[PDB]
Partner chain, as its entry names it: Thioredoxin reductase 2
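Shown next as C-alpha cells: one chain only, the form deposited without its partner chain.
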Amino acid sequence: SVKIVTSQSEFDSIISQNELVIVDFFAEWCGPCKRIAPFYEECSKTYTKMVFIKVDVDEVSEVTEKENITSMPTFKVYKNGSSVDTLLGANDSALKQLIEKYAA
C-alpha cells in the first residue's frame, strides 16, 4: 500500500522514522506514475522491509528543493533519513533492480 504524504515535515518525517525509505517523487500531470504504480504495488508487498511513500512536488515544492529534484519522475531510496540512491524514469524493471538491491 503505497503511502501518500501531503505534508513537508511529514515527508521528511517518514524519511527519518525508518532505516530505509523509498519515495516516488512524482507529478499528477504525468502518466508514468499510473504506469509504474502497478509494478510498484508488487514491490510494496515483498519489499515490505523498505517503506514506500509518495510525495508530490506541487503540494510541497519545498520538498523538491530539499532533495534538489531536477528530473522526473525520480525514485529515491533513503537510508537513515538521507538520500541513498536515485532512479530516473519510472521503469518496472529499473526499479526492480534498484528496489531489490536495498530492499531485496
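Positions refer to the first chain, counted from 1.
There is another form of this protein, the form solved in complex with its partner chain, and it is not shown here; the text below is about that form.
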query: Should the three residues 10, 14 and 21 be counted as contacting its partner chain in the entry with it bound, with contact defined as a heavy atom within 4.5 Å for each?
result: no
- prompt: Any of the heavy atoms of residue 51 lying within 4.5 Å of its partner chain in the entry with it bound?
  reply: no
query: Does residue 69 make contact with its partner chain in the entry with it bound, using a 4.5 Å heavy atom cut-off?
result: yes
query: Hey, in the entry with it bound, does residue 77 get a heavy atom within 4.5 angstroms of its partner chain?
result: no
message: At 4.5 Å, heavy atom to heavy atom, what parts of 14-32 sit next to its partner chain in the entry with it bound? List them in sequence order, or say none.
response: 29, 30, 31, 32
